[PDB]
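A.B. asks: One structure, as structure tokens, below. Some questions next.
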Amino acid sequence: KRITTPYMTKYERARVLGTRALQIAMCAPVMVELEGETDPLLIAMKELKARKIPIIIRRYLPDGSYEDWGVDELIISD
Amino acid sequence: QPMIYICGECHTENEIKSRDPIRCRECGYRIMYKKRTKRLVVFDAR
Amino acid sequence: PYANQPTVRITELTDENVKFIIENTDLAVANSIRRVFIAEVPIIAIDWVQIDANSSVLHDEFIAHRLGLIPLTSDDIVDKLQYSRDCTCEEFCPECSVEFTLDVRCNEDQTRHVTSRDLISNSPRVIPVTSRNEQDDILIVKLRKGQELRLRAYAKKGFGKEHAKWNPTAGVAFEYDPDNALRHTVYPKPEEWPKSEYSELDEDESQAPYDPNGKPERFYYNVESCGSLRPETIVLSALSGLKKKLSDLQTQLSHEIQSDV
Amino acid sequence: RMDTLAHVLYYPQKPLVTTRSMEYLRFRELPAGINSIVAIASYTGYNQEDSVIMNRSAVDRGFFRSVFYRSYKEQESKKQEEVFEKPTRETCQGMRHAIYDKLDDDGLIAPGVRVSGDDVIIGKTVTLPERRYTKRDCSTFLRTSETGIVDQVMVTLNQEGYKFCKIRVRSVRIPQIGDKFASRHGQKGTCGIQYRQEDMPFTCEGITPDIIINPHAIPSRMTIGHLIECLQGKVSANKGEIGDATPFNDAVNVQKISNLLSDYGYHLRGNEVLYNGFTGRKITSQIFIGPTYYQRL
Amino acid sequence: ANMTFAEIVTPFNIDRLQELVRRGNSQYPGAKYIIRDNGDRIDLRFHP
Amino acid sequence: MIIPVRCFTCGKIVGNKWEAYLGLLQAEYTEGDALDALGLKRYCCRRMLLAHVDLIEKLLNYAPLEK
Amino acid sequence: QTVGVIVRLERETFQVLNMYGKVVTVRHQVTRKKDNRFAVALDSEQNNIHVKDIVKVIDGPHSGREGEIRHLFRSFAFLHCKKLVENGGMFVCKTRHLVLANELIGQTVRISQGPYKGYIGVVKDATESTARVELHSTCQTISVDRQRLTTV
Amino acid sequence: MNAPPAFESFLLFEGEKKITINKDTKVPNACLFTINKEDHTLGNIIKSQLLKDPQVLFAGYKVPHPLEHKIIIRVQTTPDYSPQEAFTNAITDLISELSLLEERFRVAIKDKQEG
RNA sequence: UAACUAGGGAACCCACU
Ligand SMILES: [Zn+2]
Ligand SMILES: [Zn+2]
Ligand SMILES: [Zn+2]
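From first to last, the protein sequence lines are chains F, L, C, B, A, J, Z and K. Just so you know, the deposited numbering puts the end of the first sequence at 127, numbered straight through with nothing missing. Just so you know, the deposited numbering puts the end of the second sequence at 58, numbered straight through with nothing missing. Positions 2 to 134, 144 to 271 (the deposited numbering) are the ones given, in order, by the third sequence. Positions 743 to 821, 825 to 875, 885 to 1051 (the deposited numbering) are the ones given, in order, by the fourth sequence. Just so you know, the deposited numbering puts the end of the fifth sequence at 433, numbered straight through with nothing missing. Just so you know, the deposited numbering puts the end of the sixth sequence at 67, numbered straight through with nothing missing. Positions 545 to 573, 575 to 646, 703 to 753 (the deposited numbering) are the ones given, in order, by the seventh sequence. Just so you know, the deposited numbering puts the end of the eighth sequence at 115, numbered straight through with nothing missing.
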């Protein structure tokens, strides 16, 4: 059972969007459709709004254990 | 090869070579100035 | 939905200024006319100086900058001249430029004043304004013995939007509503404000009563020329230039509508 | 003088509003600044928070145009021998990708030659202590971000009897956005924007300001001497005299200057009705405008 | 024109980056270097 | 150093008026009367002549380096 | 005019195997040339080969061996075999006998056409189409098409 | 160093158009007129002449940035009218007004010169 | 038949926010 917050932090937002943008710029297959968008930042934004980013966030607890959260499992701020 | 300097005191056209000392040939003044260049000097009048 | 019917009354015409009134036109038209007076009336001014010798105390950029600001007679020649960028010659040609030559050598113990008399034109009608055949000559540089200034200058066509040396006007005095009937400016104490030259009120009055239905008309002008053009020629070429800009915009807009539709 | 870091203004003017001590400071004969028609106004918001709006048409006429001088010196030494000569790729090592043809046969550039950053102005070669390359390049270039015209090249002997050269580079500095301008009252400010004469506001006589400063520069600073100098400059320029601003002078106060200004057909407090340069409509507030002394820093 | 950002070449920006390379470092909207997949650096200041 | 060709503010020609201004000043005119006699009406043109310092006459006291 | 690769380090001489198949003995003071690591060579099958590529020898005096590409020439390729004991494994083979297993710079010009017409400048840098012109009158260096430039 | 050349305020470089037409989507019968290498001198007269037209419901111009040299004129008209012909009629009225003003100024020149 | 870089330190002074 996971005890961390169900909301997805702005630091998680920043790093997930950056990692996904770097992956898309390195020709990772996009999980959403593209309406002519070219910048991998905006593609990562559209992927995050659709909760389709294939990234698991491993939140490390201070006692040493971790908790694996999917991006789709977490509440997006916007 | 032929270089002209202008003496700072008496304003004399001075043919000197290279590696010889900067010395005015008829007044002995040791400061000379280069002449204005012969290249194209064109300014817009702004 | 249609055009104005503006009227012109000229109160003073002189070789150095024109002082006229435009009535029954809009404020934007009058202000654009003033803006074309300052910025968009083409004259001939020096814009290309080749310095061959300059022994003066002033360096070459200084002399070139002073030569650019010397006004030249531009009447009925600026219309014939093309812009230098628009002309197909390699160097300058008579169809787009006027060549000037200056060669002054000071061999006397007195100071030699290099003035606009020393600017020698290759065109009989594009000459410095002070060289017209009373007033003194525009001083370029002062020379002591041993100093010289040899240069070749080319004078081309341009307007004041590019550089202020092509501005043909000295002072464009512009007024509307001299008695402040529109209250477009609000005096905190209107008693201490001096009357305008075009004011139509008595000494006891300070400003006109407020007119709620009024618009700005009856614009007052005083276009003082720098001598490069006649002031009437300044106004006529300004009206022609604003007309030409509007006509060119009409042409491009018609092409854009035709291409889009 | 081959001074390092010399700045000279083209058209310095003595102040219209001066103190009597400036006669002994010799500020009249070597002035630093220009009397400029200055309106204190909020115009387009480009003069906000210690910034000024300059007249582009004034700057085209030489207003606050200055010239910057930088002197480069270099010796040739005999220890390893250094010589002033034009380097050649077939016999020199370490030559940069610069136009060495701007140098003359003596290894020195001539006056009147246009130079840019990383341009050789003095060609110096030092011999290797021990084939393809026998001499090493030790030439001097300009500063990387500096351009200009070579103004003067002076060649002489130094104290130890070696060949010594000094090169002065002339750079003409047009006032632009970001150049620092200050009044004589601690009111410094960079140029925010430059408008042409038709874009500047204008009086009924067609006078446009050379500099527009923000009204908010005044009240927290309490430089009332700025406003009084502006008023006295208006009176002096209309009257045809030089105004006296010696501090502890009871013969000069604000009311006397105001009455003198009112005698010349202006509003006594120095306000004028300005018109918008873009629309031609007169501004609702009457703008304080007059000649005051700025310095180009 | 002095500071650069390293943009990864995708099929979505191949033409824009190609014309940026073709413009080179002399024009402002251009490019300074090409970084190949093996880390080899191609300088566009000195024309290849 | 030398009189500007044009007034900075408006652009009226003032480069031809410095020698005439000096001649009027030595003819015992006041500076205001001398400015009025030269046609300088706006104070922008008036302080071009009123505030001018002629450094060029002091520069001419030095002999040129070439002659 | 000739390149080479040293096969043995000696005290005062270099043992270098050039494109001969013969080892020469030269002094220390040879010069250094920049290697073309991006050069392209062609084998007998007209296939592209580059540096660090294993190629087989199927023709020539030493057909049957196998080598690795170190340096390239117009019609020769340098080969290495770790099992070959002569001259430290260095050898040379021909490319076709294997199989894969400006004057304007510094010149004063006049812009004779365009918006900058009449400006005098010095070309700092130039290509086949454009040129970087250092304007004499301004502090700018601008990119001008070479069809608009006239050498003066 | 970074000074733009003085001709860029009025000279179209190779590639751009003088005036572009863009339809404004949020309201009907509205267009955005982006005009290059022009300033307040032309935008103000076009704006005021469009304001004289009773079939024009909105007429405004702006310079988005004074460092660049484009104006954007926004015209909204009545549904029985279009902003394109409103712009055309405004330019035509300005041209005719300037022609009348020029010929009357010439007449006044002759009157003042001949007394 | 384009062979492709920059250079030290220690003290002081001045200016700037
Ligand atoms: Zn001598
Ligand atoms: Zn021509
Ligand atoms: Zn003036």
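We put the beta carbon where it would ideally sit given N, CA and C, even for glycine.
Can you confirm whether residue 118(K), when its beta carbon is compared against all beta carbons of chain B, has any partner nearer than 9 Å?
C.D. replies: As shown, chain K starts at 1 and ends at 115. That puts residue 118(K) outside it, with no answer to give.
A.B. asks: Which residues does DSSP pair with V637(Z) in a beta bridge?
C.D. replies: For the purposes of this step, residue 637(Z) is identified with residue 92 of the seventh sequence, where counting begins at 1. DSSP, once it has assigned bridges, lists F623(Z) as partnering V637(Z).
A.B. asks: Rounded to whole angstroms, what's the CA-CA distance from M635(Z) to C626(Z)? Just pull it up for me.
C.D. replies: Taking the first residue of the seventh sequence as 1, we reach residue 635(Z) at position 90. Taking the first residue of the seventh sequence as 1, we reach residue 626(Z) at position 81. Computed Cα separation, rounded: 7 Å.
A.B. asks: Can you confirm whether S799(B), when its beta carbon is compared against all beta carbons of chain K, has any partner nearer than 9 Å?
C.D. replies: Your numbering for residue 799(B) matches position 57 in the fourth sequence. No, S799(B) does not count as interfacial toward chain K.
A.B. asks: On the criterion of 16 or more Cβ atoms from any shown chain inside 10 Å, does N232(C) qualify as buried, or is it exposed?
C.D. replies: Here residue 232(C) is taken as the residue at index 222 of the third sequence, counted from 1. It counts as buried.
A.B. asks: From this set, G548(Z), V644(Z), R555(Z), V549(Z), which residue's C-alpha is nearest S608(Z)'s C-alpha?
C.D. replies: Mapped onto the seventh sequence, residue 608(Z) falls at position 63. Closest option to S608(Z), Cα to Cα, is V644(Z).
A.B. asks: I'd like to confirm something about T894(B): is its beta-carbon nearer than 8 Å to some heavy atom of ligand 2, or not?
C.D. replies: Here residue 894(B) refers to the residue found at position 140 when the fourth sequence is read from its first residue. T894(B): no, Cβ never under 8 Å from ligand 2.
A.B. asks: Since I believe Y186(C) is in contact with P226(C) (beta carbons under 8 Å), could you give me their beta-carbon distance rounded to a whole number of angstroms?
C.D. replies: Residue 226(C) sits at position 216 when you count from the first residue of the third sequence. Residue 186(C) sits at position 176 when you count from the first residue of the third sequence. Contact holds; Cβ gap of about 5 Å.
A.B. asks: What does the Cβ neighbour count give for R31(L), buried or exposed, with the cut at 16 atoms within 10 Å?
C.D. replies: Looking up residue 31(L) in the second sequence gives position 19. Label assigned to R31(L): exposed.
A.B. asks: Where does the unbroken alpha helix (DSSP H) through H66(C) begin, and where does it stop?
C.D. replies: Looking up residue 66(C) in the third sequence gives position 65. Looking at the DSSP string, the run of the alpha helix (DSSP H) that includes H66(C) is 61-69.
A.B. asks: Measure the alpha-carbon distance for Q217(C) versus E1026(B) and round it to whole angstroms.
C.D. replies: On the third sequence, residue 217(C) is found 207 positions in, with the first residue counted as 1. On the fourth sequence, residue 1026(B) is found 272 positions in, with the first residue counted as 1. Going by the C-alpha atoms only, they are around 16 Å apart.
A.B. asks: With three or more beta-carbon pairs closer than 8 Å as the criterion, would you say the segment 96-103 of chain C touches the segment 155-164 of chain C?
C.D. replies: Yes, the segment 96-103 of chain C touches the segment 155-164 of chain C.
A.B. asks: Inspect the CB distances between the segment 28-41 of chain J and the segment 990-1002 of chain B and report whether three or more fall short of 8 Å.
C.D. replies: The answer is yes - the segment 990-1002 of chain B touches the segment 28-41 of chain J, with three or more Cβ pairs under 8 Å.
A.B. asks: Would you kindly work out how many angstroms separate the C-alpha atoms of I21(K) and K70(K), rounded to a whole number?
C.D. replies: Locating residue 21(K) in the eighth sequence gives position 21, counting from the first residue. Locating residue 70(K) in the eighth sequence gives position 70, counting from the first residue. In a straight line, the C-alpha of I21(K) is about 13 Å away from that of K70(K).
A.B. asks: Counting only C-beta atoms, is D32(L) closer than 9 Å to chain C at any point?
C.D. replies: The residue given as residue 32(L) occupies position 20 in the second sequence. It does not: the Cβ of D32(L) has no partner Cβ on chain C nearer than 9 Å.
A.B. asks: On the three-state DSSP scale, how would you describe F87(K)?
C.D. replies: Counting from 1 along the eighth sequence, the entry for residue 87(K) is found at position 87. Helix, per DSSP.
A.B. asks: Kindly indicate the opening and closing residues of the alpha helix (DSSP H) around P89(F).
C.D. replies: As a working note, residue 89(F) is residue 40 in the first sequence. Taken as a continuous stretch (DSSP letters only), the alpha helix (DSSP H) holding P89(F) covers 89-98.
A.B. asks: If we cut at 9 Å on Cβ distances, does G715(Z) have a partner in chain C?
C.D. replies: What you label residue 715(Z) is simply residue 114 of the seventh sequence in a count that begins at 1. Answer yes: the Cβ-Cβ gap between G715(Z) and chain C drops below 9 Å somewhere.
A.B. asks: Please list the partners that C740(Z) has in chain K, where partner means a Cβ-to-Cβ separation under 9 Å.
C.D. replies: Against the seventh sequence, residue 740(Z) aligns to sequence position 139. Going along chain K in sequence order, the residues near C740(Z) (Cβ under 9 Å) are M1, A3.
A.B. asks: Mind checking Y17(L): buried by the 16 CB within 10 Å criterion, or exposed?
C.D. replies: What you label residue 17(L) is simply residue 5 of the second sequence in a count that begins at 1. Counting Cβ neighbours within 10 Å, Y17(L) comes out buried, since at least 16 surround it.
A.B. asks: Listing by chain order, which chain K residues have their CB less than 8 Å from the CB of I947(B)?
C.D. replies: To locate residue 947(B), count along the fourth sequence from 1; it is residue 193. Correct list: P66, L67.
A.B. asks: So, using beta-carbon positions, are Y1048(B) and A971(B) closer together than 9 Å?
C.D. replies: Looking up residue 1048(B) in the fourth sequence gives position 294. Looking up residue 971(B) in the fourth sequence gives position 217. In this structure, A971(B) does not lie closer than 9 Å to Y1048(B) by Cβ.
A.B. asks: Closer than 7 Å between beta carbons: that is the criterion. Which residues of the segment 69-83 of chain F meet it against chain A?
C.D. replies: For the segment 69-83 of chain F, which is checked against every Cβ of chain A, the residues closer than 7 Å are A74, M75, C76.
A.B. asks: Closest Cβ-Cβ distance between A59(K) and chain C: below 9 Å?
C.D. replies: Numbered from its first residue, the eighth sequence carries residue 59(K) at position 59. Closer than 9 Å: no.
A.B. asks: Could you tell me the distance, in whole angstroms, from the CA atom of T26(C) to the CA atom of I967(B)?
C.D. replies: One-based indexing of the third sequence puts residue 26(C) at position 25. One-based indexing of the fourth sequence puts residue 967(B) at position 213. Taking the straight line joining both Cα atoms gives about 34 Å.
A.B. asks: According to the neighbour-count rule (16 or more other Cβ atoms, all chains shown, within 10 Å of its Cβ), is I978(B) buried or exposed?
C.D. replies: The residue you call residue 978(B) lines up with position 224 of the fourth sequence. With fewer than 16 Cβ atoms within 10 Å of its Cβ, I978(B) is classed as exposed.
A.B. asks: Please write down, chain order preserved, every residue whose beta carbon lies under 5 Å from a heavy atom of ligand 2.
C.D. replies: Listed along the chain, these residues meet the criterion: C88(C), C90(C), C94(C), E96(C), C97(C).
A.B. asks: Between the segment 887-901 of chain B and the segment 796-807 of chain B, do at least 3 Cβ pairs fall closer than 8 Å?
C.D. replies: Output reads no: the segment 796-807 of chain B does not touch the segment 887-901 of chain B.
A.B. asks: Considering only residues of the same chain and omitting the five flanking positions on each side of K847(B), which have a CB-CB separation below 6 Å?
C.D. replies: Taking the fourth sequence and counting its residues from 1, one reaches residue 847(B) at position 102. Excluding residues within five positions, the ones whose Cβ falls inside 6 Å are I854, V858.
A.B. asks: Report yes if the CB atom of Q986(B) is closer than 9 Å to the CB atom of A51(J), and no otherwise.
C.D. replies: Translated into the one-based positions of the fourth sequence, residue 986(B) becomes position 232. Translated into the one-based positions of the sixth sequence, residue 51(J) becomes position 51. No.
A.B. asks: For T179(C), verify whether its CB is less than 8 Å away from any heavy atom of ligand 3.
C.D. replies: Locating residue 179(C) in the third sequence gives position 169, where the first residue counts as 1. No, ligand 3 has no heavy atom inside 8 Å of this Cβ.
A.B. asks: With the cut-off set at 9 Å, would you say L750(Z) and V637(Z) are in Cβ contact?
C.D. replies: Your numbering for residue 750(Z) matches position 149 in the seventh sequence. Your numbering for residue 637(Z) matches position 92 in the seventh sequence. For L750(Z) and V637(Z), no; Cβs fall outside 9 Å.
A.B. asks: Output the boundary residues of the alpha helix (DSSP H) element that contains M764(B).
C.D. replies: Here residue 764(B) refers to the residue found at position 22 when the fourth sequence is read from its first residue. Run containing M764(B): 764-767, per the alpha helix (DSSP H) assignment.
A.B. asks: Do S235(C) and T179(C) have their C-beta atoms within less than 9 Å of each other?
C.D. replies: Along the third sequence, one-based indexing puts residue 235(C) at 225. Along the third sequence, one-based indexing puts residue 179(C) at 169. Their beta carbons are under 9 Å apart, which means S235(C) touches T179(C) by this criterion.
A.B. asks: Measure the C-alpha to C-alpha separation of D792(B) and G15(K) and round it to an integer number of angstroms.
C.D. replies: Numbered from its first residue, the fourth sequence carries residue 792(B) at position 50. Numbered from its first residue, the eighth sequence carries residue 15(K) at position 15. In a straight line, the C-alpha of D792(B) is about 39 Å away from that of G15(K).
A.B. asks: Does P43(C) pass the burial test, meaning 16 or more other C-beta atoms within 10 Å, or should it be called exposed?
C.D. replies: Residue numbering aside, residue 43(C) sits at position 42 when the third sequence is read from its first letter. Looking at its Cβ environment, which holds 16 or more other Cβ atoms inside 10 Å, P43(C) is buried.
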